[PDB]
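Trainee: Sharing a structure here in structure tokens format.
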Amino acid sequence: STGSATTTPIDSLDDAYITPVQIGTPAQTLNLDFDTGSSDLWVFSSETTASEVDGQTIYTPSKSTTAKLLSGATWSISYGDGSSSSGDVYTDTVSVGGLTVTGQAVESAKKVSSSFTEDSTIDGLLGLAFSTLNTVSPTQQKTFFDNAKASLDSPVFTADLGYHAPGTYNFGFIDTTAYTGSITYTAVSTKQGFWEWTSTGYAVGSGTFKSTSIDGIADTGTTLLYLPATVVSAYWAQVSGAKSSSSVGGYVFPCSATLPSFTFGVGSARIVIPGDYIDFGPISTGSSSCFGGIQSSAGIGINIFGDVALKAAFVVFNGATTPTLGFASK
């Protein structure tokens with residue numbers, strides 16, 4: 001079996017992408033953020049504190065004939081940005097673009113941090129990292145992808161994110177019309193529970209490619225590209241007037257400047273991120289200072305290949321026994 005769903009940017013900056021997901025019987029449609037950097041499927045619900053809900057669509061398990069409380073199970077998650085959520089667990093039927101899983105753990109939020117409350121367009125997250133990161137206690141739960149794996153024609157999912165445009169998430173098949181050339185596959189390490197891989201180097205604009213190993217994770221739930229301070233200083237040194245601002249919390253550049261491209265290595269192949277994808281607009285409305293898409297990973301502890309990098313390629317997440325990541329130009 002296969003699944004295919006459209007993913008849409010939440011705003012004009014591609015801050016996040018939402019995909020419609022059907023939960024329960026009769027179906028309740030929620031717009032979820034597909035996250036390859038986490039492993040929990042959690043939603044805003046009829047149990048969430050009324051003051052912490054601001055325009056989101058909520059899941060109501062009492063209105064679903066297939067919903068069952070997972071007695072005693074609780075979950076608690078904290079993200080890299082400082083945001084958090086916790087609550088109880090239900091099992092229910094979940095479908096993504098025609099692909100149905102029965103008995104999926106659906107984590108019902110009782111408490112959510114202000115970061116989630118502010119985003120009225122996001123009804124929850126659908127975790128696609130390895131099930132070892134799931135926060136359900138005492139019984140750890142499987143992700144939607146892990147539960148669907150047996151039914152799928154191939155144990156894969158693909159991410160095809162658009163630049164200021166909708167894209168696609170496919171499950172169980174590789175669309176050979178969505179990319180040009182061939183797909184380069186690279187080894188994944190599952191030791192930390194992420195889609196962790198090693199990039200073979202980088203280039204700034206039309207400069208020479210520097211061969212160097214950059215270990216990082218493929219994360220659809222992170223907006224920006226976070227790389228080591230050395231690489232990031234070499235990129236921003238090419239932008240006139242660019243500087244790191246402590247007040248802003250990262251590199252900023254004059255909105256009048258043209259940004260060079262950034263190339264990252266995948267084995268012997270090159271993926272080129274156009275300069276426009278690195279522009280995240282004014283820091284405040286009317287400002288002449290613009291926020292950059294390539295930032296330092298020094299304060300994080302891990303290099304992250306987020307949406308800025310992923311939307312420049314057709315990306316294959318191969319969940320076979322020996323997992324691999326595939327990259328192709330598009």
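A note on labels: chains of the structure tokens are A, B, ... as shown, every chain counts residues from 1, and ligands are counted from 1 in their shown order.
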Would you pick out the contacts of residue 98 of chain A at 12 Å or less, using only C-alpha atoms, so that residues sharing its chain but fewer than 2 positions from it are not included, and give the list as number ranges by chain?

Mentor: A: 1-6, 20-22, 94-96, 100-101, 148, 152, 170-172

Trainee: Selected residues, C-alpha atoms, written as an mmCIF file, in the first residue's frame, please.

Mentor:
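Once everything was written out, this is selection26.cif:
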```
data_model
loop_
_atom_site.group_PDB
_atom_site.id
_atom_site.type_symbol
_atom_site.label_atom_id
_atom_site.label_comp_id
_atom_site.auth_asym_id
_atom_site.auth_seq_id
_atom_site.Cartn_x
_atom_site.Cartn_y
_atom_site.Cartn_z
ATOM 1 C CA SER A 1 0.000 0.000 0.000
ATOM 2 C CA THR A 2 0.977 3.676 -0.460
ATOM 3 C CA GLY A 3 0.145 7.177 0.856
ATOM 4 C CA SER A 4 0.517 10.625 -0.725
ATOM 5 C CA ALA A 5 -0.227 13.996 0.896
ATOM 6 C CA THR A 6 0.274 17.683 0.112
ATOM 7 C CA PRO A 20 -3.718 17.311 6.691
ATOM 8 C CA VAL A 21 -4.102 14.115 8.754
ATOM 9 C CA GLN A 22 -7.302 12.142 9.429
ATOM 10 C CA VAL A 94 -4.877 7.546 11.684
ATOM 11 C CA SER A 95 -4.688 8.064 7.887
ATOM 12 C CA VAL A 96 -2.255 10.144 5.807
ATOM 13 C CA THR A 100 -4.322 3.993 7.173
ATOM 14 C CA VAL A 101 -2.867 2.731 10.477
ATOM 15 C CA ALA A 148 2.818 1.488 8.540
ATOM 16 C CA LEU A 152 3.980 -0.325 2.583
ATOM 17 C CA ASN A 170 4.941 10.238 -0.153
ATOM 18 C CA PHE A 171 4.876 6.900 1.745
ATOM 19 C CA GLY A 172 5.812 3.506 0.263
#
```

Trainee: Excluding segment 161-169 of chain A and residues on its chain fewer than 4 positions from it, collect all residues at most 8 Å away from it, counting only C-alpha atoms, and give them as a VMD selection string.

Mentor: chain A and resid 4 to 9 12 to 14 157 277 307 310 to 312 314

Trainee: What does the structure give for the distance between atom CA of residue 297 of chain A and atom CA of residue 217 of chain A, in Å to one decimal?

Mentor: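 About the pair atom CA of residue 297 of chain A and atom CA of residue 217 of chain A: they are 11.8 Å apart.
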
Trainee: Pick out the closest residue to residue 122 of chain A from this set: A:65, A:46, A:57, A:71. Count only C-alpha atoms.

Mentor: A:57

Trainee: Tell me which protein, DNA and RNA residues are within 10 Å of residue 253 of chain A, counting only C-alpha atoms, leaving out same-chain ones fewer than 3 positions away, and put them as a ChimeraX atom specification.

Mentor: /A:236,239-245,256-259,279,281-283,288-292

Trainee: For residue 321 of chain A, which residue out of A:207, A:155, A:61, A:82 is the nearest one, using only C-alpha atoms?

Mentor: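 Of A:207, A:155, A:61, A:82, the one nearest residue 321 of chain A, counting only C-alpha atoms, is A:155.
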
Trainee: Find the residues near residue 74 of chain A: any atom within 9 Å, counting only C-alpha atoms, skip ones fewer than 3 places away on the same chain, and give them as a PyMOL selection string.

Mentor: chain A and resi 70-71+86-89+107+135-138

Trainee: With a distance cut-off of 12 Å and only C-alpha atoms, select the neighbouring residues of segment 48-52 of chain A, excluding the residue or stretch itself and same-chain residues fewer than 3 positions from it, and output the selection as a VMD selection string.

Mentor: chain A and resid 42 to 45 55 to 60 85 to 88 107 to 120 123 to 124

Trainee: Compare A:322, A:247, A:181, A:191 by their minimum atom-to-atom distance to residue 271 of chain A, counting only C-alpha atoms, and give me the closest one.

Mentor: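 Nearest candidate to residue 271 of chain A out of A:322, A:247, A:181, A:191: A:181.
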